[PDB]
There are 2 protein chains.
Amino acid sequence: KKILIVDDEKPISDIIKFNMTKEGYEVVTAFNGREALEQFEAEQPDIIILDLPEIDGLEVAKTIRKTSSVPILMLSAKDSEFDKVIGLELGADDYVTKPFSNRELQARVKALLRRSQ
Amino acid sequence: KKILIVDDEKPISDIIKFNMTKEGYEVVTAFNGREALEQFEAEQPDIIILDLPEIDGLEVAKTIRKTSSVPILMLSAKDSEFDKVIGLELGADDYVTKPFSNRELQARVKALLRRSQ
């Protein structure tokens, strides 16, 4: 029920926030890696959408994984095999490219929650 | 450690089998939906790659979900929002389009296993 949206672009954060809210999730937002870790610690989200700075997203996921198995769905405009592979290896549970379907993304957050209880 | 590859195309099954074997997984194969359910029941795989017949894959996943939370990674040449969304809603944990990166796909099976223990 609580999603932390980590996104350095306010337009995209706003759209994901809107759509997650319409689904009935409680939404917290962060706009850089420091805020992401702070919100993760303070709010203890059930899932994180991570969309960050050219490596900060990877470090955020890395850092969270030291202490927590919270599902991380990484989002990114980078779509190469290396990018996807490295995101997952560093602890993302899923990696979705930008631009994305609002749906699917709803369906992927549901699948992740279903699988993490 | 045991993967059931459900694929009606022997060339693709062979490639996934080869690559999963190189990773150290035990591989069982099925080539239609009936075989998929039979192998699922008899072999109790730790994960299923499901790549089937225009709805049989969806029914296979549906049927398995009546009894089991085993991770299902659906694979398909169909790449539309509807296709991805419906696969996940019917119980797939992930959906990867064809053609796929042998890597990533290795990384996605690992992420799924990591998340399912």
Side-chain angles (χ1 to χ4, degrees), chain A residues 15-16 19-20 22-24 45-50 57-58 61-62 64-76 78-117, chain B residues 15-16 19-20 22-24 45-50 57-58 61-62 64-76 78-117:
Chain A
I15 279 149
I16 301 167
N19 288 125
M20 297 299 138
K22 295 280 303 204
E23 272 311 283
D46 300 288
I47 181 161
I48 304 176
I49 294 175
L50 178 62
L58 297 172
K62 201 183 143 290
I64 284 165
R65 276 290 171 268
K66 300 197 202 250
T67 52
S68 179
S69 55
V70 65
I72 294 171
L73 187 157
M74 282 195 46
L75 278 183
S76 192
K78 297 179 146 188
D79 61 351
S80 79
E81 163 195 287
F82 173 108
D83 293 316
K84 281 165 175 192
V85 173
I86 195 83
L88 296 165
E89 290 296 223
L90 277 153
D93 297 285
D94 199 352
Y95 188 114
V96 174
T97 57
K98 290 207 294 195
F100 55 88
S101 155
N102 281 337
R103 304 250 149 91
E104 176 174 14
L105 171 65
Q106 275 167 358
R108 286 188 180 277
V109 165
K110 297 157 129 170
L112 268 185
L113 289 170
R114 187 204 303 146
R115 280 253 61 129
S116 300
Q117 128 201 233
Chain B
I15 279 149
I16 301 167
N19 288 125
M20 297 299 138
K22 295 280 303 204
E23 272 311 283
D46 300 288
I47 181 161
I48 304 176
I49 294 175
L50 178 62
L58 297 172
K62 201 183 143 290
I64 284 165
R65 276 290 171 268
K66 300 197 202 250
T67 52
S68 179
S69 55
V70 65
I72 294 171
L73 187 157
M74 282 195 46
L75 278 183
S76 192
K78 297 179 146 188
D79 61 351
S80 79
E81 163 195 287
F82 173 108
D83 293 316
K84 281 165 175 192
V85 173
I86 195 83
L88 296 165
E89 290 296 223
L90 277 153
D93 297 285
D94 199 352
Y95 188 114
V96 174
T97 57
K98 290 207 294 195
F100 55 88
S101 155
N102 281 337
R103 304 250 149 91
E104 176 174 14
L105 171 65
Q106 275 167 358
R108 286 188 180 277
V109 165
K110 297 157 129 170
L112 268 185
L113 289 170
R114 187 204 303 146
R115 280 253 61 129
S116 300
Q117 128 201 233

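Computed from heavy atoms alone, side chains included, the values below leave out hydrogens, waters and symmetry copies. In what follows, chains are A, B, ... by sequence order, proteins preceding strands, each numbered from 1.
- With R103(B) contributing its side chain and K84(A) its backbone, the two residues share no donor-acceptor pair below 3.5 Å.
- Counting heavy-atom pairs closer than 4.5 Å to chain B, the top residue among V85(A), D93(A), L112(A) is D93(A).
- Both the backbone and the side chain of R108(B) come within contact range of chain A, judged by heavy atoms closer than 4.5 Å.
- Contacts between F82(B) and chain A at a heavy-atom distance below 4.5 Å are absent for every atom of the residue.
- Both the backbone and the side chain of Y95(A) come within less than 4.5 Å of a heavy atom of chain B.
- The residue among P71(A), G87(A), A92(A) with the most heavy atom pairs within less than 4.5 Å of chain B is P71(A).
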### Query
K110(A) and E89(B): side-chain contact (heavy atoms from CB on, under 4.5 Å), yes or no, with the steps?
CA-CA 8 Å; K110(A) 297 157 129 170; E89(B) 290 296 223; 4.0 Å; yes

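- Heavy-atom pairs under 4.5 Å with chain A peak, among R114(B), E104(B), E81(B), at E81(B).
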